[PDB]
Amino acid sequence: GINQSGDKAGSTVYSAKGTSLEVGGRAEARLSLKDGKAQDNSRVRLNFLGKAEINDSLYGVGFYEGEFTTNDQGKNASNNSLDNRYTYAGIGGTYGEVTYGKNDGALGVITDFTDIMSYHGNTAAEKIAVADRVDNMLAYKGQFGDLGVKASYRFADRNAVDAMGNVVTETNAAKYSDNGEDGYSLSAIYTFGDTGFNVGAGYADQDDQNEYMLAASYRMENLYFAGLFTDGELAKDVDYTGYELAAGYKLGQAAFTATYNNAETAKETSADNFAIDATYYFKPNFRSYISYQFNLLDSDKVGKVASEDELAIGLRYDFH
């Protein structure tokens, strides 16, 4: 719930004797304004979740989600835009859950500490693929008392090469190889009983990229505060450092949040944002919002386009 931009659970269309199917997703209208110029960023999601009990401590699972968009640019055009965001199957029970296929890595729940806005935020906490969301990957999650644990491992992708090792078509190949894109990620979160305090940390590595994250949060009644720190290498000796702060509170159905994000890549500031929004929940599956991002990049460095502020206006319906 606090991660406002994230998916909500869908609803049952059939069920019987331990086995069910839920359909979910959203229709979200989004208008973006930059320098008084408008862009349509609306999006639809559809998803399907199947779950089958094997016994009282064992079950199977299957999941798909797709995203659909348009880009007319002034004509009634044909729009062939599709993104298969999740494709996996898995097994779970007392020991937790394990899946294969495109699914989330371990660091998402860490970045969730400060990723609480409806449209903006989450600009200074980059995640590498194995830590984020990618296929050819085994993914695990589990909960033991007040400790939550996630982990993932990704295989390098098979390819085909000629005698010298250049990537080529499979018909013209001398042998199989791989792209060296194997990797792993790991994260842990401890909840201190009640009192509202959470702490979390994580690490990830893939090819010549690596990173770690530290985070903490306090939640009390209608108030919330959190902080997050990210540090690693994107390649070479290229350093990345990110800071995020977030605060939010609720008044009736209205939720209000603000974040500060600051990122540094190769010893220059690549992101510097203060953003604010307001979201009104008419119903659990119907909401409206408005958001503004103050861009603090220079404009002598960087440039005019990349230093522009942004206004966003949204209307979101959820299927469930």
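Each residue number is its position in the shown sequence, starting from 1.
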**Fill in**
Quick note on 308-316 and 292-300: per-entry mean CA temperature factor is higher in 292-300
**Fill in**
Looking only at C-alpha temperature factors in the entry, 181-189 or 89-97, the higher average sits in 89-97
**Asked** In this PDB entry, which of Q39, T259, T279, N285 has the top CA B-factor?
**Response** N285
**Asked** Out of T269, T69, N47, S32, which one has a C-alpha B factor higher than all the others in the entry?
**Response** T269
**Prompt:** Mind checking which third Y119 falls in for C-alpha B-factor across the chain?
**Reply:** lowest
**Message:** Can you tell me whether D157 has a C-alpha B-factor in the lowest, middle or highest third compared with the other modelled residues of the same chain?
**Reply:** lowest
**Message:** Which third, lowest, middle or highest, does the C-alpha temperature factor of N136 belong to within its own chain?
**Reply:** lowest
**Asked** Which third of the chain does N84 land in by C-alpha B-factor: lowest, middle or highest?
**Response** lowest
**Item:** CA B-factor ranking of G148, expressed as a third of its chain
**Value:** middle
